[PDB]
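Peer 1:
Protein chains: 2
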Amino acid sequence: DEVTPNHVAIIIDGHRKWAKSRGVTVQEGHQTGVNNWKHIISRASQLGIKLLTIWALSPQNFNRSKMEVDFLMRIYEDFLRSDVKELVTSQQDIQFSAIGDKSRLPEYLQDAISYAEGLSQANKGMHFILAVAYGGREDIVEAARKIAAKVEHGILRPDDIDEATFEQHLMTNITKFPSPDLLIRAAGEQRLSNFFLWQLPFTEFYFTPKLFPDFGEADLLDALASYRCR
Amino acid sequence: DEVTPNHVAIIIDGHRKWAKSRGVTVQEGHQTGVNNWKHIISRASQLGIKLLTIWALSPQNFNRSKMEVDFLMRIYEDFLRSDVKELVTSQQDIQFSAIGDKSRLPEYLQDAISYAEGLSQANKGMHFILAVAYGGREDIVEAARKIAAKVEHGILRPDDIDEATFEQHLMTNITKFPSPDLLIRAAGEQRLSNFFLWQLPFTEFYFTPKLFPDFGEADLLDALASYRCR
Ligand SMILES: CC(C)=CCSP(=O)(O)OP(=O)(O)O
Ligand SMILES: CC(C)=CCSP(=O)(O)OP(=O)(O)O
Ligand SMILES: [Mg+2]
Ligand SMILES: [Mg+2]
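Note that the protein sequences, when read in sequence, are chains A and A'. A prime marks a further copy of an entry chain. For reference, each letter of the first sequence is one residue, going 64 to 293 in PDB author numbering. For reference, each letter of the second sequence is one residue, going 64 to 293 in PDB author numbering.
(1) Taking Cβ positions only, does A/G199 come closer than 9 Å to chain A'?
(2) Hey, quick one: how far does the beta strand (DSSP E) through A'/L114 stretch, first residue to last?
(3) Going along chain A in order, which residues have a C-beta closer than 7 Å to the C-beta of A'/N257?
(4) For chain A', find out if any of its Cβ atoms is closer than 9 Å to the Cβ of A/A207; answer yes or no.
(5) For A'/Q231, decide whether its Cβ has a neighbour in chain A, counting only Cβ atoms nearer than 9 Å.
(6) From A'/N98 to A'/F142, what does the alpha carbon distance come to, in whole angstroms?
(7) Would A'/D244 be called buried (16 or more neighbouring beta carbons within 10 Å of its own) or exposed?
(8) For the region 212-236 of chain A, list every residue whose C-beta sits within 8 Å of some C-beta in chain A', in sequence order.
(9) With the cut-off set at 9 Å, would you say A/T152 and A/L182 are in Cβ contact?
(10) Got a sec: is the Cβ-Cβ distance from A'/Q90 to anything in chain A below 9 Å?
(11) Quick check for students: name the residue ranges of the beta strand (DSSP E) that lie wholly in the region 235-292 of chain A, counting only runs of 3 or more.
(12) Alpha carbon to alpha carbon, how far is A/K209 from A/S256?
(13) Could you name the residues of chain A that A'/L260 contacts, counting a contact when the two beta carbons are closer than 7 Å?
(14) To the nearest angstrom, how far is it from the Cα of A/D76 to the Cα of A/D282?
(15) Could you check what DSSP says for A/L193 in three-state terms: helix, strand or coil?
(16) Check the C-beta distance from A/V204 over to A'/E226 and give it rounded, since I have them as a contact under 8 Å.
(17) Please report the residue range of the alpha helix (DSSP H) in which residue 47 of chain A lies.
(18) Closer than 7 Å by beta-carbon distance: list the chain A residues that pair up with A'/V204, in chain order.
(19) In angstroms, rounded to a whole number, what distance separates the CA positions of A/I157 and A/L284?
(20) Among A/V89, A/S128, A/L168, which has the Cα closest to the Cα of A/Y139?
(21) Determine the direct distance from the alpha carbon of A'/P122 to that of A/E91, and round the result to whole angstroms.
(22) Mind pulling the chain A residues with CB within less than 7 Å of A'/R254?
(23) Residues in the same chain with beta-carbon distance under 7 Å from A/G96, minus the five sequence neighbours each way, listed in chain order, please.
(24) Have a look at A'/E170, A'/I117, A'/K239, A'/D146 and flag the residue whose alpha-carbon is nearest the alpha-carbon of A'/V195.
(25) Taking 9 Å as the threshold (C-beta atoms), are A'/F259 and A'/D174 in contact?
Have a look at this one:
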């Protein structure tokens, strides 16, 4: 249909709460979370969603323990090496990109990223964006900075700045669907936590109490049925 | 306490639904809505909230019928002439400002605005912002434009642009609490509808099904008790 969102974005959350309640380590909470992604992605592809964004890491998250953050970075490298490789080379023909401040990830993660982006570069199936070291304020600031540089070199005048111009300097300029139709946030909190900001003026929000390690294909289906009801 | 938000913002909504269900005119839905404001404002003042923002009109709302929009503009002039005058001159000593594209309101509304802003100019009680012809994308765009002009005149260089700089060119630069701690939206929809965007990265969202003509002091209390629970 057209009652199918073009862009769906997901804030993952609840991994430590989940660990805690399972009597298990937070690293294991994280790993079980990330293991969900591939099925979520496949399911969104089957539903004819054109873009799925999973938010994996904010700039503020670099304030957690070094050990926690390093474990996440490796779990993500592993995801991009096994799971994403499968997705891009499967019949789903998924296109992979990452957005965020990549300069800020270790070299090994940056390499995993460019490998999966190269591998999937010509694919024509659903776009999958992994937003990693991505923050909405930082995106806007960085847009404003690029536009200012262009102003400084006479390439652009101040009154040329409109939404559309602004939109082309954001990190979402890699899609024609920058603005999510549907934003899903697991684990019950009702806030954006410095995810997309510019990109959300008419996005439908969907909040579930479900902890993300428990979040599956059915939970995506549920979010979509809410969406179709609005 | 400090478990009292500094800034609370409210998206009003549900007036036509309410009219419809009361068998009454939408103009009357709107009037009964706006009549709620003064008690909401007084209550927020009593609770020690430092800033309340009520969003009265978006740029997209200029797409409704001319008659509807004109009725709203007059209802707002009346609010600023009777109710706000009382609030600013009462012991609550409320400070009034309006934000948004004021150029775009009729002259009579612009005059009501400057009169209430002058009247309350030296007050020291709670700040009350009426956001009228205000849209979050437009705010960001207009910020970016001012900053670009300043770049063009050598007043600012591109790498001087940071959050803080960005924040000082937004329409919320009239407060030291630009970012709401708590955002309330009546009538059940779960979206921002092009309200604040930059200002919301850590704002707590509170959605009530209550139609705004039915929204009173108790509903503000309820939103605050949810907030204190997060
Ligand atoms: C999805 C991740 C990367 C963003 C962080 S959600 P969080 O638990 O880090 O943020 P809050 O502390 O819940 O506002
Ligand atoms: C509070 C007012 C001024 C903003 C508009 S809320 P709305 O009913 O105009 O917007 P939606 O159509 O519900 O997205
Ligand atoms: Mg968390
Ligand atoms: Mg409405």
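Here a beta-carbon is modelled for each residue, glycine too, at the ideal position from N, C-alpha and C.
Peer 2: Looking at the coordinates:
(1) Residue numbering aside, residue 199 of chain A sits at position 136 when the first sequence is read from its first letter. Answer yes: the Cβ-Cβ gap between A/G199 and chain A' drops below 9 Å somewhere.
(2) The sequence position of residue 114 of chain A' within the second sequence is 51, counting from 1. Unbroken beta strand (DSSP E) run through A'/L114: 114-120.
(3) The residue you call residue 257 of chain A' lines up with position 194 of the second sequence. The answer, in chain order, is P264, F265.
(4) For the purposes of this step, residue 207 of chain A is taken as residue 144 along the first sequence, with counting starting at 1. Interface residue, yes.
(5) The residue given as residue 231 of chain A' occupies position 168 in the second sequence. Not one chain A Cβ lies under 9 Å of A'/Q231.
(6) Locating residue 98 of chain A' in the second sequence gives position 35, where the first residue counts as 1. Locating residue 142 of chain A' in the second sequence gives position 79, where the first residue counts as 1. Between A'/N98 and A'/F142, the C-alpha separation is close to 8 Å.
(7) Working through the second sequence from its first residue, we reach residue 244 of chain A' at position 181. Classification of A'/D244: buried, given that the 10 Å Cβ count is 16 or more.
(8) Correct list: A212, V214, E215, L219, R220, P221, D222, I224, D225, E226, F229.
(9) As a working mapping, residue 152 of chain A is identified with position 89 in the first sequence. As a working mapping, residue 182 of chain A is identified with position 119 in the first sequence. Against a cut-off of 9 Å, the Cβ pair of A/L182 and A/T152 comes out as a contact.
(10) Within the second sequence, numbered from 1, the residue matching residue 90 of chain A' stands at position 27. Not closer than 9 Å to any Cβ of chain A, the Cβ of A'/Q90 fails to qualify, so no.
(11) 245-248, 267-270
(12) Position 146 of the first sequence, counted from the start, is the residue given in the question as residue 209 of chain A. Position 193 of the first sequence, counted from the start, is the residue given in the question as residue 256 of chain A. Distance between the alpha carbons of A/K209 and A/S256 is about 24 Å.
(13) Your numbering for residue 260 of chain A' matches position 197 in the second sequence. Correct list: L260, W261, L263, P264.
(14) Within the first sequence, the letter at position 13 stands for residue 76 of chain A. Within the first sequence, the letter at position 219 stands for residue 282 of chain A. Approximately 14 Å, taken between the alpha carbons.
(15) As a first step, residue 193 of chain A is located in the first sequence; it is residue number 130 there, counting from the start. DSSP places A/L193 in strand when its eight states are reduced to three.
(16) Translated into positions along the first sequence, residue 204 of chain A becomes position 141. Translated into positions along the second sequence, residue 226 of chain A' becomes position 163. Right, the Cβ-Cβ distance comes to about 6 Å (below 8 Å), so this counts as a contact.
(17) Residue numbering for chain A in the displayed model covers 64 to 293; residue 47 of chain A lies beyond these limits and cannot be assessed.
(18) The residue labelled residue 204 of chain A' in the question sits at position 141 within the second sequence. Those are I224, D225, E226, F229, listed as they occur along chain A.
(19) Taking the first sequence and counting its residues from 1, one reaches residue 157 of chain A at position 94. Taking the first sequence and counting its residues from 1, one reaches residue 284 of chain A at position 221. C-alpha separation (whole angstroms): 20 Å.
(20) For the purposes of this step, residue 139 of chain A is taken as residue 76 along the first sequence, with counting starting at 1. Measuring from the Cα of A/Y139, the nearest candidate turns out to be A/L168.
(21) Start at 1 with the first residue of the first sequence, and residue 91 of chain A comes out as number 28. Start at 1 with the first residue of the second sequence, and residue 122 of chain A' comes out as number 59. Their backbone Cα atoms lie some 47 Å apart in a straight line.
(22) In the second sequence, residue 254 of chain A' corresponds to position 191, counting from 1. Under the 7 Å cutoff, chain A gives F265, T266, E267, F268.
(23) By 1-based counting over the first sequence, the position of residue 96 of chain A is 33. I75, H78, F275, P276.
(24) Within the second sequence, residue 195 of chain A' is the residue found at index 132, counting from 1. Answer by Cα proximity: A'/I117.
(25) Position 111 of the second sequence, counting from 1, holds the residue named residue 174 of chain A'. Position 196 of the second sequence, counting from 1, holds the residue named residue 259 of chain A'. Contact: no.
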